[PDB]
Amino acid sequence: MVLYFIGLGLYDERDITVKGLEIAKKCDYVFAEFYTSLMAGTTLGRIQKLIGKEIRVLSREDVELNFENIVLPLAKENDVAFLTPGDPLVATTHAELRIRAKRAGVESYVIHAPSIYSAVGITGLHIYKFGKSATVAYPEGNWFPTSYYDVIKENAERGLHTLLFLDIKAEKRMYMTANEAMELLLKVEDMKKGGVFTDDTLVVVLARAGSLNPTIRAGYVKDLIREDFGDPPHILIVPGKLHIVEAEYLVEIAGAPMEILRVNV
Amino acid sequence: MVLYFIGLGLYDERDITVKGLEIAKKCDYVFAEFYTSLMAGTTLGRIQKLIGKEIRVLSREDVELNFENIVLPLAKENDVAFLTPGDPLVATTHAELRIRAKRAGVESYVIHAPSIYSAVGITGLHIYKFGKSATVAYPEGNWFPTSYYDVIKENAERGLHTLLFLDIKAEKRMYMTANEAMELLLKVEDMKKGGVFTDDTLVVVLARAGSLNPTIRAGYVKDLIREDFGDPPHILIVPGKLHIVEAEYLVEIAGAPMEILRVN
Ligand SMILES: Nc1ncnc2c1ncn2[C@@H]1O[C@H](CSCC[C@H](N)C(=O)O)[C@@H](O)[C@H]1O
């Protein structure tokens, strides 16, 4: 008679919480989705072996169109789990799935797990300084979206950091790169010319957060745009003016140039 | 011969990730602090029991003044772990401790945990629409902090939600309730009169995130400022402009007034 939204965490099969696991193991049915994001540090197979349960994967339309016909029904006579990467309800559409459950007269509980939203704290940037967040999307056809560029301007203007999620084709397993993203932002700057993103903009790239060996690199576009950050997914962040302690952290941990100590503080 | 920053999670000792549990288990020395936040659903004894280790609990002074004297030293000949509530680097100054470790030639690793910063997702408010965050601090003597007021103001002009961490005086065992925060804000409103936080302001309260039954309530200040949201810890959120589905969640799940649907 219960539905459990359980987060899988950041990178691999051990990023689930001890709570999430013990609850997942005692569920009659376990569903999962990997369209919002991919657990790039593990496999479906490794997740099932840790949870010790057959895991039925769900497509975007499985969830968004038929959540109440695929998942909810089983919750009336059973305890059901719904696993998602990161922290549940972070993806903007997932919270209404709870409204669906209430509507179908189903009890729903949320078991949290690490999200990149809090994990970027490893970049050294202060969490209270992050402003609005956005996603960089590919242009295509006659559509050239650039709102994420305005988010950067409005945040940085107010001395706040911008967390930038990169385009993902979960299903086709193709990630946007930090590099790709920097090129796109450069192209946008040339269209709008607002001084928001240029070769001298300082940025932070975070890759494989959650892993014991993530990649935290900080520097100016001109030096980073062709750097090898590794395998995806990448997270791009455009900091606002830094607190000296943030810059020292980017220098000593993320390998940023001494120059940001006098340029970006 | 390494140091690990391992988050313990939101509510009880089970909010630790499987990765953090199996690593803290094999560490020679385990340190911890419980002054940056409150894990309402557990005790030191159960953490210890679950980790299978003795946890030396540090104070803010131990940490801020003697981290390099208490903890890094043991890191050259042993594997040391430093536990904290929620996520170790979020809304703490712990990231600076990594610098100390490096400057002492001690490599450090971070094991994340569920943080209250992303748990806000359970309020139904889109996490990307949150703007600059702030902390509501207790007035000390003649000193009355008010900067958090301007933060709410900036975000709301932008239409973004504001996350308000609430103060904590761990040594006195005092945890600011959302009620207390709402009262502090009202008097700042009388002070500044910037029409930012009034009796008619819609707010959201999230209490004890991480537990199976957190308290999630939304509604106008006048109705909530005296309401009992249960034990600490609490956070207070002053949303910006709502999306209809945000508002639908707040009404269906957090018990807000239907009128808030009319999202202008
Ligand atoms: N489980 C929880 N429920 C509600 N608020 C919480 C909470 N845990 C922390 N907070 C809020 O955040 C403040 C501590 S701020 C430090 C946050 C911590 N590193 C994390 O990752 O969560 C508290 O005073 C309180 O206002």
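Throughout, a per-chain count from 1 in the order the sequence is written supplies the residue numbers; the entry may number residues differently, and those without coordinates are omitted. All chains are assigned letters beginning at A, and all ligands numbers beginning at 1, according to the order in which they are written. The basis for every side-chain value is the complete set of non-hydrogen atoms in the structure, without hydrogens or water.

What the entry reports as its method is X-ray crystallography, with 2.60 Å given for the resolution.

Visitor: Got a minute to help me understand the overall build of chain A in this structure?
Guide: A count of helical and extended segments in chain A gives 11 helices and 12 strands. In this description the radius of gyration comes from C-alpha coordinates, and the expected globular size is given by 2.2 Å times residues to the power 0.38. Radius of gyration (C-alpha) of chain A: 20 Å, near the 18 Å computed for a compact globule of 265 residues. The dimensions of chain A, computed from C-alpha atoms along their principal axes, are 60 × 40 × 30 Å. Think of it in three bands: with a 1.4 Å probe and only protein chains considered, a residue is buried below 20% of the maximum accessible area for its type, exposed above 50%, and partly exposed in between. Counting over 265 residues, chain A shows a buried share of 57%. Considering only residue pairs separated by 6 or more positions, chain A has 72% of its internal contacts joining residues 24 or more positions apart. Computed by Shrake-Rupley with a 1.4 Å probe, the accessible areas treat only the displayed protein chains as cover when residues are assessed. As displayed, chain A has an accessible area near 10700 Å², and 49% of this comes from carbon and sulfur atoms. Think of it this way: any DSSP run of H or I at least four residues long counts as a helix, any run of E at least two long counts as a strand, and we number them from the N terminus. We call two residues contacting when some pair of their heavy atoms lies within 4.5 Å.

Visitor: Hey, could you run me through the UniProt feature "binding site: S-adenosyl-L-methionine" in chain A in this one?
Guide: Residue and element names in this part refer to chain A. With numbering matched to this structure, UniProt assigns "binding site: S-adenosyl-L-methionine" to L10, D87, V90, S115, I116, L166, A209 and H234. Checked against the lining of the second largest cavity, the annotated residues just named reduce to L10. Following the sequence through the fold, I116 ends up in helix α6 (residues 116-119). Position of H234 relative to the elements: it lies in strand β12 (residues 234-238). Not counting the four nearest positions on each side in its chain, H234 is found in contact with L166, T177, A178, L206, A207 and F229. Among the polar contacts listed, one links the side chain of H234 to the backbone nitrogen of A178, at a separation of 3.0 Å. UniProt positions are given in the numbering used here, feature names are shortened, and annotations may be inferred rather than shown by experiment. A 1.4 Å probe that fits into a set of points on a 1 Å grid over the protein atoms alone but cannot get out defines a cavity; an open set with protein on both sides within 12 Å along at least five of seven lines defines a pocket, and lining residues are those with an atom within 4 Å of a point. In protein, a polar contact means a hydrogen-donor-capable atom and an acceptor-capable atom, both N or O and within 3.5 Å, with residues adjacent in sequence counting only if both atoms are side-chain atoms; elsewhere, any N or O pair within 3.5 Å suffices.

Visitor: Help me understand the pattern of salt bridges, please; the structure alone is not making it clear to me.
Guide: In a structure, side chains of opposite charge can pair up when their charged atoms sit close to one another. Counted as salt bridges are all cases of a side-chain nitrogen of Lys or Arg within 4 Å of a carboxyl oxygen of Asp or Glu. On inspection of all chains with the given rule, the structure shows 29 salt bridges over all chains. Beyond isolated ion pairs, a larger network of salt bridges with shared partners links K19 and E22 of chain A together with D12, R14 and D15 of chain B.

Visitor: Help me out: how do you make sense of the interface of chain B and chain A in this one?
Guide: Often, the extent of an interface is quoted as the loss of accessible area upon association of its parts. Residue-level contacts link 53 residues of chain B with 54 residues of chain A. Summed over both partners, the accessible area lost on bringing two parts together, with a 1.4 Å probe, is the buried area. Together, the buried faces of chain B and chain A total about 4900 Å²; carbon and sulfur atoms form 62% of this surface. Counting the surface chain B buries against chain A, the share from its top three residues, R14, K19 and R158 of chain B, is 14%. Taken together, chain B and chain A are joined by 10 salt bridges. Put simply, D15 of chain B and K19 of chain A hold a salt bridge, and the shortest N to O gap is 2.7 Å.

Visitor: Any chance you could explain the packing of aromatic side chains here in plain terms?
Guide: For any pair of aromatic rings, geometry is given as the distance between the ring centres together with the angle between the planes. Between rings of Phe, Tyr and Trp, where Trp is taken as its six-membered ring, a pair exists when centres lie within 6.5 Å; planes separated by under 30 degrees are stacked, by over 60 edge-to-face, and by other angles tilted. This structure, assessed with the given rule, holds nine aromatic pairs over all chains. With 5.1 Å between their ring centres and 40° between their planes, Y117 of chain A and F165 of chain A make a pair best called tilted. Linking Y117 of chain A in helix α6 with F165 of chain A in strand β7 (residues 162-166), this pair joins segments that are 48 residues apart in sequence. Here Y117 of chain A falls in the buried class, since its relative accessible area comes to 7%. By relative accessible area, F165 of chain A is classed as partly exposed at 22%. With 5.7 Å between their ring centres and 40° between their planes, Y4 of chain B and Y109 of chain B make a pair best called tilted. Of this pair, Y4 of chain B sits in strand β1 (residues 2-7) while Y109 of chain B sits in strand β5 (residues 108-111), and the two are 105 residues apart along the sequence. Judged by its relative accessible area of 23%, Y109 of chain B is partly exposed. Every member of this aromatic cluster is reached through a ring pair, and the members are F5, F67 and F82 of chain A.

Visitor: Please clarify how empty space enclosed by the protein should be interpreted in this entry.
Guide: Which parts of space are left empty comes out when a probe the size of a water molecule is rolled across the atoms. Grid points are joined across faces, edges and corners, and a volume is the space filled by probe spheres set on the points. Under the criterion given, the structure shown has five cavities of 30 Å³ or more. The calculated volume of the largest cavity comes to roughly 60 Å³. Taken together, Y117, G131 and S133 of chain A together with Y117, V120, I127, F130 and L163 of chain B make up the full set of residues lining the largest cavity. Residues belonging to the lining of the largest cavity are distributed by class as follows: six nonpolar, two polar and no charged. Residues are grouped as follows: nonpolar covers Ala, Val, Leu, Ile, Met, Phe, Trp, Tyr, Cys and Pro; charged covers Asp, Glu, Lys and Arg; every other residue, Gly included, is treated as polar.

Visitor: Mind showing me how you'd approach the sheet that holds strand β12 (residues 234-238) of chain B here?
Guide: For sheets, the rule is that strands pair by backbone hydrogen bonds, running either parallel or antiparallel. All names here are of chain B. Two strands are said to pair when DSSP picks up at least two bridges between them. Spatially, the five strands line up as an open sheet ordered β6-β7-β12-β10-β11, and their pairing is mixed. Looking at which strands have only one partner, the edges of the open sheet turn out to be β6 (134-136) and β11 (215-220). Averaged over all pairs of adjacent strands, the angle between their axes in this sheet comes to 25°, without regard to strand direction. Both strand β10 (residues 202-207) and β11 contribute to a ladder of six bridges, which runs antiparallel. Paired with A207 across the bridge in β11 is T215. Think of each axis as a best-fit line through the C-alpha atoms, taken over the contacting stretch in the case of a helix, with angles from 0 to 180 degrees between the N-to-C directions.

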